[PDB]
Structures are given as structure tokens and as C-alpha cells.
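See below for the structure under consideration.
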Amino acid sequence: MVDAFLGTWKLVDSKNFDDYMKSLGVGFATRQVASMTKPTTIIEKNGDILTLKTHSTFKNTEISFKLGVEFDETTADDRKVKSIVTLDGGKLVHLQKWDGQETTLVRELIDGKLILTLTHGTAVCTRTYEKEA
Ligand SMILES: CCCCCCCCCCCCCCCCCCCCCCCC(=O)O
Ligand SMILES: N[C@@H]1[C@@H](O)[C@H](O)[C@@H](COP(=O)(O)O)O[C@@H]1O
């Protein structure tokens with residue numbers, strides 16, 4: 001069931017995002033702006049198709065996908081990756097693969113907040129999102 005993830009979510013806490021971005025090769029000026037933005041994430045479904053928007057004053061993205069079906073994605077930092085999103089232990093797990101590299105974007109609901117854990121290399125970033133009414 002993906003339904004408790006659906007809605008509009010606002011960033012309210014971030015840990016180690018600079019380490020994560022630097023692990024991906026994001027340049028210092030982009031990391032600087034991204035360390036101060038607070039994106040809004042919108043997760044919607046229509047039948048079997050999920051759409052995940054990320055909006056901010058700096059970068060915007062949007063992806064649509066079916067759980068368990070690979071899709072091409074061009075990330076906010078301009079990586080061209082092979083992606084798949086699935087539910088695993090009630091967590092929404094997004095795996096990106098490119099050039100033999102991987103990164104995971106794992107979303108979990110804890111006490112009504114959405115916790116996004118971003119892992120690449122040894123870098124582990126935890127970002128916390130609050131639901132907007
Ligand atoms: C798809 C997310 C980016 C669009 C809004 C991003 C503002 C900064 C936060 C998100 C990505 C950062 C943009 C700068 C390049 C780093 C991007 C690394 C992959 C995107 C991570 C998204 C993290 C977030 O959804 O909280
Ligand atoms: N098609 C691409 C996206 O795949 C890429 O992620 C994005 C970069 O982020 P932004 O749109 O904020 O420049 O540019 C375009 O929209």
C-alpha cells in the first residue's frame with residue numbers, strides 16, 4: 001500500500017546532505033544553494049502510476065513510474081540513471097543505477113513524518129518532511 005505516502009510534504013530537517021551531494025560529485029556552488037533550500041515533495045497516484053514532484057526555488061524535478069518497473073530518470077544533478085521504485089517493509093525504496101554506481105532514496109513514515117534516507121558511497125543523509133494539509 002503506497003497510500004500513506006501520498007500528499008504534499010515540506011522539508012523540516014536535514015542531516016548530511018552536503019556529504020551526500022559531494023559523494024555524487026555536485027559542485028560547491030550547487031551544494032551551497034541546496035543546503036539552504038527547503039523543497040516541497042508532492043506524491044500522487046493515478047491507478048498504478050505514481051508521480052513524484054520536487055519543487056524548490058533552485059531545482060524542480062518530476063518523475064512518473066509504476067512500482068517495480070524500471071524507468072529512465074535524469075536527476076536534479078543531471079545524472080542519467082536507470083531507476084526502480086518498490087515497497088519494501090512498508091518503505092518506498094527508489095534505487096538509481098548509472099556507470100556501475102548506485103544510490104538509494106528510501107522513504108519511511110515515522111510518527112506521521114516522512115523520513116528520506118539518501119545513501120551513496122559511505123554518505124548517509126537523513127531528511128525529514130512534514131505533511132502539508
Ligand atoms: C529531485 C530533488 C531536487 C529538486 C529540488 C532540489 C533542491 C535541493 C534538494 C534536492 C536535490 C538537490 C539539487 C541540487 C543537486 C543535488 C541533487 C541530488 C539528487 C536530488 C536529491 C533530492 C533530495 C530531496 O528530495 O530532499
Ligand atoms: N529533463 C531534465 C531533468 O531530467 C533534469 O533533472 C533537470 C535539472 O533540474 P532543473 O529542471 O531544476 O534544472 O532539467 C530537465 O528538466
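Naming scheme: A, B, ... for chains in displayed order of the C-alpha cells; residues 1 onward per chain; ligands 1 onward as shown.
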Report as an MDAnalysis selection string all protein, DNA and RNA residues lying within 12 Å of residue 101 (chain A), evaluated on only C-alpha atoms, omitting residues in the same chain fewer than 6 positions from it. chainID A and resid 23:24 79:83 95 119:121
Using only C-alpha atoms and all ligand atoms, I'd like a table of the residues in chain A that come within 10 Å of ligand 1; for each, show the closest atom pair and its distance in Å rounded to one decimal, ordered by chain and ascending number, as a Markdown table.
```
| residue | atom | partner | partner_atom_place_in_ligand_line | distance |
| --- | --- | --- | --- | --- |
| A:10 | CA | ligand 1 | 26 (O) | 9.1 |
| A:11 | CA | ligand 1 | 26 (O) | 7.0 |
| A:13 | CA | ligand 1 | 26 (O) | 9.7 |
| A:14 | CA | ligand 1 | 26 (O) | 8.2 |
| A:17 | CA | ligand 1 | 23 (C) | 7.9 |
| A:18 | CA | ligand 1 | 16 (C) | 8.8 |
| A:20 | CA | ligand 1 | 18 (C) | 7.7 |
| A:21 | CA | ligand 1 | 16 (C) | 5.5 |
| A:22 | CA | ligand 1 | 16 (C) | 8.7 |
| A:23 | CA | ligand 1 | 18 (C) | 9.8 |
| A:24 | CA | ligand 1 | 18 (C) | 7.4 |
| A:25 | CA | ligand 1 | 16 (C) | 9.1 |
| A:26 | CA | ligand 1 | 15 (C) | 6.2 |
| A:27 | CA | ligand 1 | 15 (C) | 8.5 |
| A:29 | CA | ligand 1 | 14 (C) | 9.5 |
| A:30 | CA | ligand 1 | 14 (C) | 5.8 |
| A:31 | CA | ligand 1 | 14 (C) | 6.3 |
| A:32 | CA | ligand 1 | 14 (C) | 9.0 |
| A:33 | CA | ligand 1 | 8 (C) | 7.6 |
| A:34 | CA | ligand 1 | 8 (C) | 4.2 |
| A:35 | CA | ligand 1 | 8 (C) | 7.2 |
| A:36 | CA | ligand 1 | 8 (C) | 8.3 |
| A:37 | CA | ligand 1 | 7 (C) | 6.0 |
| A:38 | CA | ligand 1 | 7 (C) | 7.1 |
| A:39 | CA | ligand 1 | 5 (C) | 5.6 |
| A:40 | CA | ligand 1 | 5 (C) | 7.9 |
| A:41 | CA | ligand 1 | 25 (O) | 6.8 |
| A:52 | CA | ligand 1 | 1 (C) | 9.0 |
| A:53 | CA | ligand 1 | 1 (C) | 7.7 |
| A:54 | CA | ligand 1 | 4 (C) | 5.1 |
| A:55 | CA | ligand 1 | 5 (C) | 5.4 |
| A:56 | CA | ligand 1 | 5 (C) | 5.2 |
| A:57 | CA | ligand 1 | 7 (C) | 7.6 |
| A:58 | CA | ligand 1 | 7 (C) | 5.8 |
| A:59 | CA | ligand 1 | 4 (C) | 4.3 |
| A:60 | CA | ligand 1 | 4 (C) | 4.5 |
| A:61 | CA | ligand 1 | 1 (C) | 5.1 |
| A:62 | CA | ligand 1 | 1 (C) | 7.4 |
| A:63 | CA | ligand 1 | 1 (C) | 9.0 |
| A:74 | CA | ligand 1 | 1 (C) | 9.3 |
| A:75 | CA | ligand 1 | 19 (C) | 6.0 |
| A:76 | CA | ligand 1 | 3 (C) | 4.7 |
| A:77 | CA | ligand 1 | 15 (C) | 4.3 |
| A:78 | CA | ligand 1 | 15 (C) | 8.1 |
| A:79 | CA | ligand 1 | 19 (C) | 8.6 |
| A:103 | CA | ligand 1 | 19 (C) | 9.4 |
| A:105 | CA | ligand 1 | 21 (C) | 8.3 |
| A:115 | CA | ligand 1 | 26 (O) | 9.7 |
| A:116 | CA | ligand 1 | 26 (O) | 7.2 |
| A:117 | CA | ligand 1 | 26 (O) | 9.1 |
| A:118 | CA | ligand 1 | 23 (C) | 7.8 |
| A:125 | CA | ligand 1 | 23 (C) | 9.2 |
| A:126 | CA | ligand 1 | 26 (O) | 8.9 |
| A:127 | CA | ligand 1 | 26 (O) | 6.2 |
| A:128 | CA | ligand 1 | 26 (O) | 8.2 |
| A:129 | CA | ligand 1 | 26 (O) | 8.4 |
```
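Among the candidates A:73, A:19, A:48, A:99, the residue lying nearest to ligand 2 is A:73 (atoms considered: only C-alpha atoms and all ligand atoms).
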DSSP on the backbone: which residues in chain A end up as alpha helix (DSSP H)? Give the answer as a PyMOL selection string. chain A and resi 17-23+28-34
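The interatomic distance for the pair CA of residue 7 (chain A) and CA of residue 130 (chain A) works out to 10.3 Å.
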Using only C-alpha atoms for the distances, tell me which of A:15, A:66, A:97, A:131 is nearest to residue 85 (chain A).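 Closest to residue 85 (chain A), using only C-alpha atoms: A:66.
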Selected residue of minimal separation from residue 3 (chain A) among A:65, A:16, A:133, A:91, counting only C-alpha atoms: A:91
Using atom 10 (P, counted along the ligand's line) of ligand 2 and CA of residue 68 (chain A) as the two end points, give the distance in Å to one decimal.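 One can read the atom 10 (P, counted along the ligand's line) of ligand 2 to CA of residue 68 (chain A) distance as 25.5 Å.
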